[PDB]
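Chemist: Pasting a structure below so you can have a look.
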Amino acid sequence: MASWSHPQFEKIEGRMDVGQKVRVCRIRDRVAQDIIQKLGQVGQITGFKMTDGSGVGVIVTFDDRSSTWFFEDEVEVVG
């Protein structure tokens, strides 16, 4: 469902890109045992995700071969 709507990116359009690497700098709300591992760890954007917590989410695949989602402001873009 979209009718004619294009991929919706507000500010992340020219900041967050698939293939670019990102590092989790700060966990905004709650930190899980798994998430805390990724905190300070560098991963790569493999896609975007929709969230109901803060709008847009970013799917980051790390060197652990695991892919998890983080928020727009929750990560920094590197590489």
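Chain labels run A, B, ... following the order of the structure tokens; each chain numbers its residues from 1, and ligands are numbered from 1 in the order shown.
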Can you pull out the residues contacting range 23-39 of chain A? Cut-off 9 Å, using only C-alpha atoms, and skip same-chain residues under 3 positions away; I want them as a list in words.
Modeler: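 Residues near the query, excluding close chain neighbours: residues 42, 43, 44, 62, 68, 70, 71, 73, 74, 75, 76, 77 and 78 of chain A.
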Chemist: If you count only C-alpha atoms, which residues fall within 12 Å of residue 11 in chain A, apart from same-chain ones fewer than 6 positions away, as JSON, numbers by chain?
Modeler: {"A": [17, 55, 56, 72, 73]}
Chemist: Can I get the selected residues back with N, CA and C atoms, as a PDB file, in the first residue's frame?
Modeler:
ATOM      1  N   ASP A  17      22.324   6.158   4.870  1.00  0.00           N
ATOM      2  CA  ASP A  17      22.305   5.471   3.588  1.00  0.00           C
ATOM      3  C   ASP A  17      22.757   4.030   3.739  1.00  0.00           C
ATOM      4  N   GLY A  55       9.376   7.100  15.243  1.00  0.00           N
ATOM      5  CA  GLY A  55       9.264   7.349  13.823  1.00  0.00           C
ATOM      6  C   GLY A  55      10.059   6.390  12.972  1.00  0.00           C
ATOM      7  N   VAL A  56      11.259   6.787  12.612  1.00  0.00           N
ATOM      8  CA  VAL A  56      12.087   5.981  11.739  1.00  0.00           C
ATOM      9  C   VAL A  56      13.146   5.200  12.503  1.00  0.00           C
ATOM     10  N   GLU A  72      17.387   6.857  14.597  1.00  0.00           N
ATOM     11  CA  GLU A  72      18.076   7.904  13.833  1.00  0.00           C
ATOM     12  C   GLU A  72      19.171   8.640  14.633  1.00  0.00           C
ATOM     13  N   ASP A  73      18.812   9.160  15.796  1.00  0.00           N
ATOM     14  CA  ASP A  73      19.740   9.962  16.611  1.00  0.00           C
ATOM     15  C   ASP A  73      20.608   9.077  17.511  1.00  0.00           C
TER      16      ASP A  73
END
Chemist: Using CA of residue 52 in chain A and CA of residue 12 in chain A as the two end points, give the distance in Å to one decimal.
Modeler: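 Going from CA of residue 52 in chain A over to CA of residue 12 in chain A covers 16.5 Å.
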Chemist: Pick the closest to residue 22 in chain A from A:66, A:8, A:46, A:3: which is it, counting only C-alpha atoms?
Modeler: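 Smallest distance to residue 22 in chain A is found for A:46.
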Chemist: Could you give me, as a ChimeraX atom specification, the residues within 8 Å of residue 49 in chain A, counting only C-alpha atoms and dropping anything in the same chain fewer than 6 positions from it?
Modeler: /A:56-59,69
Chemist: Write the residues you've just listed into a file as an mmCIF file, in the first residue's frame, and include N, CA and C atoms for each of them.
Modeler:
data_model
loop_
_atom_site.group_PDB
_atom_site.id
_atom_site.type_symbol
_atom_site.label_atom_id
_atom_site.label_comp_id
_atom_site.auth_asym_id
_atom_site.auth_seq_id
_atom_site.Cartn_x
_atom_site.Cartn_y
_atom_site.Cartn_z
ATOM 1 N N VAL A 56 11.259 6.787 12.612
ATOM 2 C CA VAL A 56 12.087 5.981 11.739
ATOM 3 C C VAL A 56 13.146 5.200 12.503
ATOM 4 N N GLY A 57 13.423 4.014 12.013
ATOM 5 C CA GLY A 57 14.440 3.176 12.580
ATOM 6 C C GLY A 57 15.416 2.740 11.515
ATOM 7 N N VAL A 58 16.611 2.396 11.916
ATOM 8 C CA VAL A 58 17.638 2.000 10.978
ATOM 9 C C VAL A 58 18.105 0.577 11.266
ATOM 10 N N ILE A 59 18.100 -0.266 10.244
ATOM 11 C CA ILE A 59 18.539 -1.642 10.388
ATOM 12 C C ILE A 59 20.043 -1.725 10.183
ATOM 13 N N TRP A 69 17.969 -3.142 14.888
ATOM 14 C CA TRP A 69 17.505 -1.826 14.529
ATOM 15 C C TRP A 69 17.768 -0.814 15.633
#
Chemist: List every residue of chain A that DSSP, applied to the backbone of this structure, assigns to strand (DSSP E or B), and report them as a PyMOL selection string.
Modeler: chain A and resi 18+20-24+39+42-50+56-62+67-71+75-78
Chemist: Identify, on the basis of only C-alpha atoms, every residue whose closest approach to residue 45 in chain A does not exceed 6 Å; exclude the query and any residue fewer than 4 positions from it along the same chain; express the result as an mmCIF file with N, CA, C and O atoms, in the first residue's frame.
Modeler:
data_model
loop_
_atom_site.group_PDB
_atom_site.id
_atom_site.type_symbol
_atom_site.label_atom_id
_atom_site.label_comp_id
_atom_site.auth_asym_id
_atom_site.auth_seq_id
_atom_site.Cartn_x
_atom_site.Cartn_y
_atom_site.Cartn_z
ATOM 1 N N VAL A 18 22.126 3.136 2.993
ATOM 2 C CA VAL A 18 22.489 1.730 3.023
ATOM 3 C C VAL A 18 23.898 1.536 2.468
ATOM 4 O O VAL A 18 24.228 2.027 1.390
ATOM 5 N N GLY A 19 24.722 0.836 3.212
ATOM 6 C CA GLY A 19 26.102 0.656 2.819
ATOM 7 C C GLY A 19 27.021 1.469 3.699
ATOM 8 O O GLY A 19 28.201 1.153 3.849
ATOM 9 N N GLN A 20 26.470 2.524 4.282
ATOM 10 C CA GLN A 20 27.207 3.364 5.201
ATOM 11 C C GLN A 20 27.275 2.708 6.559
ATOM 12 O O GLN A 20 26.380 1.941 6.934
ATOM 13 N N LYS A 21 28.324 2.987 7.286
ATOM 14 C CA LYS A 21 28.501 2.403 8.586
ATOM 15 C C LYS A 21 28.021 3.340 9.667
ATOM 16 O O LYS A 21 28.072 4.555 9.520
ATOM 17 N N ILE A 59 18.100 -0.266 10.244
ATOM 18 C CA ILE A 59 18.539 -1.642 10.388
ATOM 19 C C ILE A 59 20.043 -1.725 10.183
ATOM 20 O O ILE A 59 20.551 -1.488 9.075
ATOM 21 N N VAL A 60 20.745 -2.045 11.243
ATOM 22 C CA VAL A 60 22.185 -2.093 11.218
ATOM 23 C C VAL A 60 22.691 -3.517 11.402
ATOM 24 O O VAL A 60 22.355 -4.189 12.383
#
Chemist: Please report the interatomic distance between CA of residue 61 in chain A and CA of residue 79 in chain A in Å with one decimal.
Modeler: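 Atom-to-atom, CA of residue 61 in chain A and CA of residue 79 in chain A are spaced 14.3 Å apart.
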